[PDB]
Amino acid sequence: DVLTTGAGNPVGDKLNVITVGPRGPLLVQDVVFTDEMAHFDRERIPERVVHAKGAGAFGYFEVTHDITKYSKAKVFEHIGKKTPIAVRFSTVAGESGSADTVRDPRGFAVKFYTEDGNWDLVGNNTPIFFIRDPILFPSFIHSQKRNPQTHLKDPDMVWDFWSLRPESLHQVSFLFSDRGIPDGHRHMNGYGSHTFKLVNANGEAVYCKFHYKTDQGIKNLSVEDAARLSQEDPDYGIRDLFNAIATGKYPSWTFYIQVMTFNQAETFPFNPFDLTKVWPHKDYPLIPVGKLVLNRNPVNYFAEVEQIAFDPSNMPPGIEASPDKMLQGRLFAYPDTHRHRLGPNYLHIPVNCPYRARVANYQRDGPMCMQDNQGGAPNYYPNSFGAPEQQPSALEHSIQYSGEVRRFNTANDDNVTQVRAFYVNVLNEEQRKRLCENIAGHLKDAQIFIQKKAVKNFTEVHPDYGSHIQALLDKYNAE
């Protein structure tokens, strides 16, 4: 193989630079050096604003059951249908150099390359989240990140925000339970979290929840181990995933959904669209749909993992968004941030390209335009020259909403009920004790006035929750 410059010019020697004499200065004509150096100098792009640390693999999605009565989406079109998928696992707060085995939620994004375009299901390992209004997401994330002056993690920031926004109770509980630190990516479940809308061939709609359970089973790391691992192998999650697939132990998840008719959405105790709530299985049981199988490792991490981009707004006919405020905000945020992190034409990047689909429209140009830019095809719509036409079949399902167009406060929607049921029913005493210790061990670094409001909140879920945490805190502050 002949070593070349970016323009393909053979290189004579790329181990020594051109100089005027053996001990003289460097010359501009040594374009070989500059060409390489200039590229080295531009190797980095900005990391994801959140979920920066990640692992990636590829595979397919396979339909196992008929749910066409609910969704007309081609990805579900017929039993046994296989569609290629791209998956990206990740943590949340930490940046590119951080450890994988730390307490944090886990991203679990799945990209389906369907013939009706790509369908990005950007979920995580928890069915719920910390807040229910997108406008608090930047603040939340800031509080989870580094102090603006010291650039250090700040318990005060974390808990002042959480104590002031108690709706964070439900997810804060899930996050500090054993599931706060899964043993790798293959031993956790995935959830779309938000409520989405399914539409069938008949134009009738229903609301759903997406779920994909680990076929390898749930397995978590104790805090002792997680800590040891955060230092022995910060990239433990990446290694584990890549070695499994590499050795043929292809991990898979069983994909189900929960269905809620519009009526049920009403009789539902709470706001069905509040991200801090779940749909109790007992009441809305899981419906089998298919499998997700990861059977291929990336070849080039930067090209296939760092540059991949998932947009919740990527939804094909049969799948639509619900009124969930959080999701509504995510419809804008992802493409927006992608045009920034990656570039105006990031969808032309191989992994983000909707290759099983025929992309035709009236969009043109932009930096780094790679394709033919759709040749000389007429660029305005409508036109009398046979350019791409719109197709009615893919029209969105319309609903009539009532009320004024204003800001409705949801800070006071139920913040503790489901949290109680999870604390006293779902968990057992061990889990319950640990839950308290993990919270206590982290909250203890916060200022006391913050510690106090935090505990009041936990007390509202259950006096035992708060009081036991308060006990450990006392122990901690005793020192």
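In this text, rigid core is short for the largest set of C-alphas that superpose within 1.5 Å between two forms. Numbers for residues come from their place in the sequence shown, where the first is 1.
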*asked:* Given a rigid core fit, name the stretch, 262-270 or 159-167, whose C-alphas are on average farther from the form shown here in 4 other deposited structures of this protein.
replied: 262-270
*Where do the C-alpha atoms have the higher mean temperature factor in this entry, in 66-74 or in 432-440?*
432-440
*asked:* If you take the mean CA temperature factor per stretch, which one wins between 86-94 and 397-405?
replied: 397-405
*asked:* Highest Cα temperature factor in the entry, among the options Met37, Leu27, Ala55, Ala446: which one is it?
replied: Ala446
*Residue with maximal Cα B-factor (values as given in the PDB entry) among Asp311, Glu266, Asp104, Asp324*: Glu266
_Lowest, middle or highest third: which one holds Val424 when the chain's residues are ordered by CA B-factor from the entry?_
highest
_Ranking the modelled residues of this chain by C-alpha B-factor as given in the entry, is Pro138 in the lowest, middle or highest third?_
lowest
*Chain-relative CA temperature factor third for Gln418*: middle
*Once the chain's modelled residues are ordered by C-alpha B factor and cut into thirds, is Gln451 in the lowest, middle or highest one?*
highest
*Which third of the chain does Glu306 land in by C-alpha B-factor: lowest, middle or highest?*
lowest
